[PDB]
Every structure is written in structure tokens, then in C-alpha cells.
């Protein structure tokens, strides 16, 4: 970028709030080798965030049926609960150990306050209903502990909501529930009552549609990109975007390279050769290119899955990374469709996100530099970097 543009980006971030709606907490975050107050090996720490001037981020209480492979047994639910509890102890522990440097925001007001005080503002989120079992009151209990946003889904179906990415390793069938189960539908009412933002990123299309029909409050997609860029089920159709817009909500466009640029032919060729040696037919579309998604994979021995999955992900690792151009194309598209007031930004840092030119939280102003270059105003950039999210969050809490 010209220095004039870089300088403009820096001047603006001396003044504006910035918010990333999706960063993963590593289970060893805050341990030796991975301290929160050091320039560490991850994509987030207090040093990188201070450098970039990132004001805060949504860090999720997350668990899932971790294979890394072992197929899920019923005891896996309790393990997923241990993963959630670990992440909770990390977050409250950061505030305990670093009180002048970090806080947790329980409202958009707190977020603005913490930002003024110069403390990194954590928004405690939760992603994936899998660890919660059939107990709706787990929503009340997690809200009471600080959770302010809940996404029903990750990879893999669960008993509350179908995923956009059913896993054949979990013996998943696409759209198994037809969207939400009766308890998932009751979860939507409970979340509205609790004043917790409903997050539709990762959820199947039908489940999204049901959340939209059932929610009395703004909904958010905390890390999603448009299908117009990459036509995969994980990405949003124009109609799904309109639903989120119509709730008053926000599409937080994610810097996840493979959701922004379609896989290049050399990578597709590599995947097809691999698919052929495991008796799978040539790819049609990208859904089974980006993950081991073929339905027949459910009958494979674990050892066979392990070999294929490992090899697939190695090939994906070689795909040249999408850059800031693609990330902002996606922003541009989403804004065309829903308007500047309904768009935000997210990284998927620590779960594979980051693009060429934005590799960790210290590099956020690079995103701003590309935005400046395309002709976004300072006001519009402030809305993208968190203003829209904070408005919607306030409206959600008003509907409690």
C-alpha cells in the first residue's frame, strides 16, 4: 500500500474500535510456550493486539466430538464439556492475571468502556450445541457465567440443529432434523429471553431459515462468506443474507481463504488423484474438496479415514492462500446485497483463518488499508469493524 494509505489506516485506528467476531481459544492458551501477554505462536495475544490496535474479539466457549482418529462414542459429550470448561477457565483467568490489560464485556456498553480504559475486550461467545445434550437450562447457566452470543452449530450435525457440513465420520445424514429439532426451536425462544445473540454461521440452510422465522431479535453470522465467491454449503446464499438483514442483524465476513477463493486446478487435480486411490469418484463442486464429506466414508475403518483425511488436508495446505483482495471482494458483495449497516469482519484466527496480508491480529490495519483503497469512508469502516455488531448486540439485549 502507498504510505499515504497506510498512514490513513493508522490514524483511523488510533481512534476507532475494532472487533473480530471469531477467534478460537487454543486449549493450551496461557501456558508455557503460549502465554497471553507475549508475542507468541498463535494468531492472538496481548502484544499482537496492542500493535494492531484490535479493541476486542469474540472468544468462544467451544467443545465438539474431537477425533484427533477415534469415532465418537457417548462419552465424547462429556469430553466436549471438558473442552468448554477449559476455555472458560482460560478467559476468566486472563482477566484475573491481567486486570489492567483485559476485561470481559457483558454488553456493548462494557465493550466501549473497556476499550476507553485501554483493556482488550473479550466477548464471551459459545459455538456448538453438541456439549449441552438435551438440557435447555444450560443456556441460562452459560448466560449467567458471561456468554453473550451462541451459535448452534459447528462441523457435524447435533441434536439441536443440522450443520451445513455433516460429517460422514460421525455417520451424519444431510438435513437429518429438517433444520431445528423441537428442542432447538425451544432454544431460539430461550436465547431471545436471555438476551443472547443467536449466531447462524455453520448452521444448515433450513436451520437458519427456522431461526429467522422464530427469532424476535437480530441474528448474526459471526464468520461467514458469500456463495457468489465460492459455491459451498458453508457459505451464504443471497436469500440467507436477506434473512439476517431483515432481523436487523449482521454478516461478519470471514477471512477464511478457501471460502473466498475457489481451489486452483493444480489442487483439484491433486485431490482427484487422491480420491481415485480411495475409490471415490472425481469431485463435483467444492464441498467434499474442503473436507472429507463423502457419505460412503461412514463405512470406512478409522485407519482408512485417518490416511485419507491427513492426505486431503496436506494437499489443502499447499493451495496458495487467498488475499486481502478476495476478503474485500466478499465485503463488497455482502454490502451490495444487505447494505453497509449489516456487514462486519471476522478472521477465524486459530481455526485456519487469516489471508495473505492479514495473518494475525496485529495486521488488522492492512484490512483497513484495502477498504480505504476501494473507497470506503471512515464512518463505513467504523461500522464494518464493529459499529454494526455493537448496534445489533444492543437491540438483542433490549428484546430480553
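Positions refer to the first chain, counted from 1.
Colleague: Between 120-128 and 75-83, point out the one with the higher average CA B-factor as the PDB entry records it.
Modeller: Looking at the record's C-alpha B-factors, the answer is 75-83.
Colleague: Which has higher Cα B-factors on average according to the PDB entry: 341-349 or 40-48?
Modeller: Per the PDB record, 40-48.
Colleague: In terms of CA temperature factor as recorded, identify the highest of 151, 99, 295, 179.
Modeller: Across 151, 99, 295, 179, the entry lists the biggest C-alpha B-factor for 99.
Colleague: Among 360, 66, 332, 370, where is the Cα B factor highest in this entry?
Modeller: Comparing C-alpha B-factors across 360, 66, 332, 370, the top value belongs to 66.
Colleague: Going by the recorded CA B-factors, say which third of the chain residue 354 sits in, lowest, middle or highest.
Modeller: Middle third by C-alpha B-factor.
Colleague: So where's residue 316 on the chain's Cα temperature factor ranking, which third?
Modeller: Highest third.
Colleague: For residue 280, return the chain-relative third of its C-alpha B-factor as stated in the PDB record: lowest, middle or highest.
Modeller: According to the entry, residue 280 has a C-alpha B-factor in the chain's highest third.
Colleague: Quick check for you: using the entry's CA B-factors within this chain, is residue 255 in the lowest, middle or highest third?
Modeller: It falls in the bottom third of the chain.
Colleague: Place residue 261 in the lowest, middle or highest third of its chain's C-alpha B-factors, as listed in the PDB entry.
Modeller: As the PDB entry reports it, the C-alpha B-factor of residue 261 lands in the middle third of its chain.
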